[PDB]
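The structure appears right after this line, and notes come after that.
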Amino acid sequence: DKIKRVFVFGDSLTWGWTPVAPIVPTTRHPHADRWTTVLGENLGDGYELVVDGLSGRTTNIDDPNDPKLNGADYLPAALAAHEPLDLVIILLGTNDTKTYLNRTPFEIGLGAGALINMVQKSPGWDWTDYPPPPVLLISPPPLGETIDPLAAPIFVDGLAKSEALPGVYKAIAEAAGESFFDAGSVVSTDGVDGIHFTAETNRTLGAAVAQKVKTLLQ
Amino acid sequence: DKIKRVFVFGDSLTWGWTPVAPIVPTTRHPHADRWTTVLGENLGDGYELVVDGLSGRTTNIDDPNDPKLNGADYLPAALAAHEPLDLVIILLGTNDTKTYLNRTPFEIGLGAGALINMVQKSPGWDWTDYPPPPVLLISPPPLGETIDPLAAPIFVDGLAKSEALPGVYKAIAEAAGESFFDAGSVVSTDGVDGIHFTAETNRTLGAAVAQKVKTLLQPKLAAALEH
Amino acid sequence: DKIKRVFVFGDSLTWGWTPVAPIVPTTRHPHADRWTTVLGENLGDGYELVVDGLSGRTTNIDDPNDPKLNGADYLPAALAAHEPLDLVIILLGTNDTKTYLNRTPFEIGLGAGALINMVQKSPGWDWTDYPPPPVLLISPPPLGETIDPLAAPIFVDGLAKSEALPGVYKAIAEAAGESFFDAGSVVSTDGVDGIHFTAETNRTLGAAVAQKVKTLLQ
Amino acid sequence: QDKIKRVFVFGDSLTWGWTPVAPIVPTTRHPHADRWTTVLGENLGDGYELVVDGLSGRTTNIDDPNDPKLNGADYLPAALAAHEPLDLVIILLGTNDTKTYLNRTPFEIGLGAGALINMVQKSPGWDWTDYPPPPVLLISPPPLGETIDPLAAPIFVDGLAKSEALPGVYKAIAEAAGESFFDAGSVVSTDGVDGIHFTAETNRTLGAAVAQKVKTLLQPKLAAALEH
Amino acid sequence: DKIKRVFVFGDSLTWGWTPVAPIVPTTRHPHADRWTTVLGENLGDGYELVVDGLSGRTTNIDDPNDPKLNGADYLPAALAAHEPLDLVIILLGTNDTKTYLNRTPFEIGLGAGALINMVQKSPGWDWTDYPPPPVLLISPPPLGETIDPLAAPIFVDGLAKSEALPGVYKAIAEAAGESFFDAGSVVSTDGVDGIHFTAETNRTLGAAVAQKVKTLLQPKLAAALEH
Amino acid sequence: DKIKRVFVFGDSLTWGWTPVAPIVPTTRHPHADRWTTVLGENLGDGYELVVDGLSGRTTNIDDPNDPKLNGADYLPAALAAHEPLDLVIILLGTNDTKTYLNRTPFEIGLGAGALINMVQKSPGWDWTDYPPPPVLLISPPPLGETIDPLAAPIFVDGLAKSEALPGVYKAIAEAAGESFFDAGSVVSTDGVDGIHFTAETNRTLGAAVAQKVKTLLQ
């Protein structure tokens with residue numbers, strides 16, 4: 002019985018940012034406490050995860066402060082490097098609400114859409130011919146109402162944008178003939194810095210997403 | 002009584018490519034025969050059009066054969082140059098089906114979406130403050146089943162892509178909270194070269210699109226449609 | 002008699018910036034008061050205008066504050082989109098005097114030259130074969146002696162540069178085998194903000210430029 | 001109790017697990033059990049945990065005009081930050097750099113590998129974390145096959161000689177960076193039928209050999225005691 | 002008296018391409034036979050030359066075949082590296098006529114203009130304050146009527162373009178308030194390959210350009226002589 | 002017997018920056034006092050020099066303050082323009098220690114390596130066929146312990162980097178099969194501004210480098 006391969010593509014939430022005061026520097030959640038790990042455990046031996054979480058990462062836009070943060074710069078290579086996959090999970094959009102990137106929620110949806118499209122056109126080549134995998138686009142929960150004062154200037158108007166993502170993400174996913182899940186339906190941003198997750202929140206999300214995944218793959 | 006300004010942003014279909022054999026060179030449809038002109042006539046004195054149709058133009062992707070064909074390179078400037086507008090009409094996607102651009106229909110939808118987004122964030126500045134205008138995204142009709150042999154190699158698998166655009170364009174438009182219309186619902190690509198429109202097709206399209214526009218910009222009529 | 006098509010390519014002066022205090026925000030001159038409109042009226046039914054005026058637009062240089070302001074990024078597409086034309090009028094150079102763009106008058110001439118060249122090589126293709134249209138390069142008048150305090154820092158040394166443009170523009174136009182007209186010969190920058198035009202100045206310019214056009218086209 | 005050591009492997013199709021076949025393409029991925037990185041993992045034991053990033057077609061630090069995703073140096077900074085903290089970075093690249101159309105000398109390819117080592121040394125570019133940067137083991141690939149699949153041969157003209165020259169250059173560059181080196185050509189050769197990729201037998205040998213090398217670097221107290 | 006420094010910025014004509022059959026490979030003209038050398042000899046001890054001639058070099062446009070051939074990529078650095086200078090001579094434009102670069106003569110003039118402007122804004126900095134030097138723009142002669150068959154495909158329509166350069170170069174130089182000289186007024190492209198110069202042609206050019214230079218840098222004397 | 006041609010590619014040290022207080026503006030060392038000139042004199046009539054020294058120039062990295070300062074942008078053209086050569090001397094690396102470029106010594110070595118590689122692949126063409134010339138990579142001496150207060154902010158941590166260059170440069174040169182010389186073995190940065198050389202230091206360096214050159218070329 003073929004082991005099913007799931008690739009998880011996200012930001013610091015998926016890397017395992019431990020929320021702290023002051024907001025930085027952080028250390029990585031122990032493996033046991035990462036949402037992806039709990040996702041893996043609840044799925045069982047039938048499944049095998051590959052995880053790529055980058056602190057600061059956006060859907061598809063350059064961060065003028067750091068040239069390595071554009072998801073869409075990286076994703077084509079990542080997909081080809083982990084082919085073949087049975088599912089691609091995308092949990093991005095939190096960094097896209099940063100003030101200086103000046104994005105609307107629809108713009109952020111388009112960004113997630115750009116990534117879905119990269120998966121659908123995945124590997125760009127005749128060197129292999131496995132099919133492209135389906136995609137589960139996950140909208141993150143709303144930001145915290147109170148963000149660490151060091152980071153707050155960079156998240157002005159961010160909360161309202163983050164609240165609007167589930168609706169947009171769902172339409173975009175649907176338009177692509179792919180799947181959707183709102184992380185805000187089962188958890189919220191409970192980290193002390195108003196942006197990242199506690200281990201308790203990771204656990205809830207991992208277990209919830211595992212149910213959703215089994216529905217799609219059995 | 003304020004005159005309503007409508008900006009039309011498209012490709013050769015909107016420039017006025019006269020279909021001919023061989024496919025090139027062409028000459029511009031006389032003004033009287035252009036779809037935008039008939040659109041203007043059917044709208045009346047209540048409306049005033051601005052038209053920007055570029056042969057070869059795509060939604061949001063570079064053509065390696067010509068650096069001036071990317072709609073999204075041009076649109077931000079165009080919008081600011083014609084502010085204030087009451088509506089922006091986009092009729093693009095036909096060139097996006099060209100084989101060498103290697104686009105899926107969903108990708109082309111995202112391209113049209115990129116343009117909608119540019120309109121929604123239109124002018125990027127404090128120099129004026131008019132609101133941004135609403136958008137009517139128009140999907141083109143399917144390509145001809147028979148394309149001029151000179152152009153056919155460049156439109157391989159293009160037909161199927163063009164057939165898939167209305168569904169994608171509608172979702173994208175809806176997702177943006179904007180409007181949609183399928184040109185394929187009232188006309189088809191009847192030009193001899195299998196890509197462009199006759200004057201008869203222009204006339205039909207112009208008249209049909211004018212009805213749609215009035216629905217959006219005359220609120221008494223907009224109201225009546227919810228009934 | 003063929004109707005003659007004239008394309009006007011300019012900046013906020015051609016859009017119809019209404020001079021006000023404070024300098025921004027502005028509203029667009031009513032159509033009846035725009036210089037291009039008066040140009041059209043004085044030309045008669047023999048002529049038909051197409052107008053493209055963008056606030057902030059330069060000849061051929063990127064504005065680091067706004068990526069849509071480079072005339073030469075736009076002009077090739079615009080020319081092809083309005084083919085066939087009988088004349089192209091260019092009234093640009095006022096924004097090129099902005100301090101942070103660091104341009105000399107000769108440099109600005111070269112920029113206008115770049116645009117003339119784009120018109121001369123206009124459409125780059127076999128898809129149509131109309132000839133390319135002739136060009137009337139119009140130098141703007143000198144800037145106001147007193148510029149709105151909000152904008153003044155951005156126009157340091159700009160006045161002297163603007164005074165030098167007619168001479169340079171004339172040489173460049175002549176070198177290209179094309180025509181020239183100095184807007185400063187018939188009007189000056191009388192707007193309250195020291196940069197833009199009143200409706201009275203628009204009227205004078207429109208009527209003067211119409212005389213010049215008829216000389217070129219009969 | 002002892003913290004588990006994290007080793008990141010950054011390579012090309014050799015590291016992805018290209019199964020050599022005729023005709024050369026299309027291929028399928030070596031079963032997990034037969035990948036060199038997997039055997040590397042098994043020979044290391046529970047003391048170690050691998051993260052593997054192998055991309056078919058990938059170069060050290062140069063754009064492939066045929067595919068914009070193949071430049072290792074475009075990807076590596078992000079990858080490093082995404083897998084921090086690491087105890088070692090292994091780089092096994094250079095085989096694609098010998099492709100005719102990229103027009104590279106062996107020294108140039110060394111510089112490319114050097115660019116990657118430098119990215120690791122300056123790894124994460126930020127105050128968001130402060131773990132140290134990890135050491136690097138640069139691995140030179142073996143020489144190409146003398147006979148390359150006719151479909152691919154035009155793109156590997158003069159490639160063999162370049163591949164033979166890589167160990168020398170890679171060693172100097174690694175040494176200059178104060179990092180480690182290993183020549184895959186010292187324990188295996190390109191035995192795949194297409195003249196470019198590896199059989200499962202060759203993967204096994206390489207995995208086991210590289211595991212010895214890794215333990216020398218990360219348990220040096222033990223390595224020391226063993227030598228006498 | 003300060004010794005006057007003259008910087009010569011050109012292409013293979015200034016490097017010293019020896020015309021041969023077949024066209025390539027060539028070897029460099031002996032120093033004694035280079036036009037710049039004869040220029041130096043005819044100027045005397047009052048002057049000192051610095052020479053930068055690159056085979057294949059254009060005014061201001063990328064050659065898709067070789068990324069090092071754009072004069073304007075190089076000139077800012079070169080100017081600062083040889084500061085202070087009393088004159089900059091530019092003899093470029095021959096490679097700009099190459100078919101695949103698709104340039105008009107006016108465009109090539111603008112390219113030369115771009116270089117003049119770089120000289121006028123020369124060093125961009127506080128680190129020194131010498132004045133910027135004046136410029137003598139030199140138009141090359143027309144291409145040969147017969148070009149080596151290996152190179153001919155790359156110089157289609159090139160002859161006519163090269164004939165048009167003197168007029169354009171003069172206007173552009175004048176517009177910049179700088180000087181002009183037409184190499185075609187005293188020599189032509191007599192090399193066997195139809196592109197480069199013999200030693201005899203170099204000698205003529207060197208001596209002619211030296212007269213022109215002295216006019217510019219000893220202008221009080223030039224003035225007094227004109228009677 | 003060939004007259005032997007030596008091309009010297011460097012920064013302000015090779016241009017002839019006269020150290021002064023305040024640090025800027027400077028004037029060029031008289032020709033008689035330049036290190037390259039003394040190099041030429043000590044070599045004799047058997048040799049002929051070509052010199053390209055640009056104030057501010059780096060090995061292979063863009064200076065965000067000035068787009069003309071990247072050695073590797075310039076070197077390919079320079080090499081082809083002065084072919085044929087018998088030797089290329091590179092004395093660069095002092096500007097690479099500037100704080101804002103954020104380079105490690107190994108990175109700077111790689112930069113020098115990039116230049117060596119350009120020389121080894123020199124002219125990229127069939128238009129001539131002379132061989133490529135050998136290369137003598139020269140590491141500069143350590144910076145001054147005391148730098149002009151106006152320039153010091155830009156050379157923080159630069160001293161330590163400059164001290165590390167000889168070791169790195171030697172490895173890189175050796176790896177390329179080329180030659181090396183440490184300018185710090187015969188001189189130090191004795192200019193009043195803590196960065197540039199006096200005429201006395203130029204003389205010492207010129208004479209020392211001439212010995213080295215003769216060893217390589219006979």
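Chains as they are written, first to last, in the authors' numbering: chain E, 2 to 219; chain D, 2 to 228; chain F, 2 to 219; chain B, 1 to 228; chain A, 2 to 228; chain C, 2 to 219. No residue lacks a Cβ here, since even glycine has one placed at the ideal position from N, Cα and C.
- A direct Cα-Cα distance of roughly 12 Å separates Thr27(B) from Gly192(B).
- By the CB criterion at 9 Å, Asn118(E) and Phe107(D) fall inside the cutoff.
- Of the candidates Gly11(B), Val25(B) and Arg29(B), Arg29(B) places its Cα closest to the Cα of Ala200(B).
- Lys5(E) sits in a strand when the DSSP states are folded into three classes.
- With fewer than 16 other CB atoms across the displayed protein chains lying within 10 angstroms of its CB, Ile4(D) is exposed.
- DSSP places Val169(B) inside the alpha helix (DSSP H), whose first and last residues are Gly159 to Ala176.
- Just so you know, the alpha carbons of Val120(A) and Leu217(A) end up roughly 16 Å apart.
- Distances from the alpha-carbon of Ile91(C) to those of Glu84(C), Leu76(C) and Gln219(C) put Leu76(C) closest.
- Classified as exposed, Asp46(D) has fewer than 16 neighbouring CB atoms from the shown chains inside 10 Å of its CB.
- Here the C-alpha atom of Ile148(C) lies approximately 36 Å from the C-alpha atom of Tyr48(C).
- Closest option to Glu84(D), judged by alpha-carbon separation, among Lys162(F), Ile109(F) and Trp18(F): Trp18(F).
- DSSP places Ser13(A) in the uninterrupted alpha helix (DSSP H) bounded by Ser13 to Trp16.
- For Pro142(C), the closest C-alpha among the options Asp12(C), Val188(C) and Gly178(C) is that of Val188(C).
- Under the three-state reduction of DSSP, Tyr131(C) is assigned to coil, being neither helix nor strand.
- The C-beta of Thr105(B) comes closer than 9 Å to at least one C-beta of chain C.
- Straight-line spacing of the CA atoms in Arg58(A) and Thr100(C) works out to 35 Å.
- Remark: C-beta atoms of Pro135(F) and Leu80(F) do not approach each other more closely than 9 Å.
- As DSSP reads the structure, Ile91(A) sits in a beta bridge with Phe10(A) and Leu138(A).
- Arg6(D) has its alpha-carbon roughly 16 Å from the corresponding atom of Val39(D).
- For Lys122(D), at least one C-beta of chain E is nearer than 9 Å to its own C-beta.
- Contacts between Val169(F) and chain A, judged by CB atoms closer than 8 Å, involve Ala176 in chain order.
- Against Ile173(E), the close residues of chain D are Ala176, in the order they occur along the chain (beta-carbon pairs closer than 7 Å).
- In terms of Cβ geometry, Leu151(B) and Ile109(B) do not form a close pair [threshold 9 Å].
- Looking at the backbone, the Cα of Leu160(A) and that of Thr95(A) are separated by about 9 Å.
- Put simply, of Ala174(F), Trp126(F), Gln219(F) and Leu138(F) the residue whose alpha carbon is nearest the alpha carbon of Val25(D) is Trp126(F).
- Judged by beta-carbon spacing, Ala78(A) lies within the 9 Å limit of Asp74(C), meaning their Cβ atoms are closer than that value.
- Excluding the 5 residues flanking it on each side, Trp16(D) has same chain C-beta neighbours closer than 6 Å at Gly54 and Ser56, in chain order.
- Relative to the Cα of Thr129(E), the nearest Cα in the group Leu138(E), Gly185(E) and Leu86(E) belongs to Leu86(E).
- With a 10 Å radius around the Cβ and a threshold of 16 neighbouring Cβ atoms, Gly145(E) comes out buried.
- Around the beta carbon of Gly114(B), 16 or more other beta carbons sit within 10 angstroms, so the residue counts as buried.
- Non-local C-beta neighbours of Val52(D) in its own chain, meaning closer than 6 Å and more than five positions away in sequence, comprise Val9 and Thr37, ordered along the chain.
- Spatial neighbours of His228(A) in its own chain (CB-CB distance under 8 Å, excluding positions within 5 residues in sequence) are not present.
- Within 10 angstroms of the beta-carbon of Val157(D) lie fewer than 16 other beta-carbons, which makes it exposed.
- Interface criterion not met: the Cβ of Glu42(B) is under 9 Å from no Cβ in chain E.
- Inter-residue distance for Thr60(A) and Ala172(D) is about 50 Å (C-alpha atoms, whole angstroms).
- In this structure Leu226(D) does not touch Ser180(D) by the C-beta definition: roughly 12 Å separates them, more than the 8 Å allowed.
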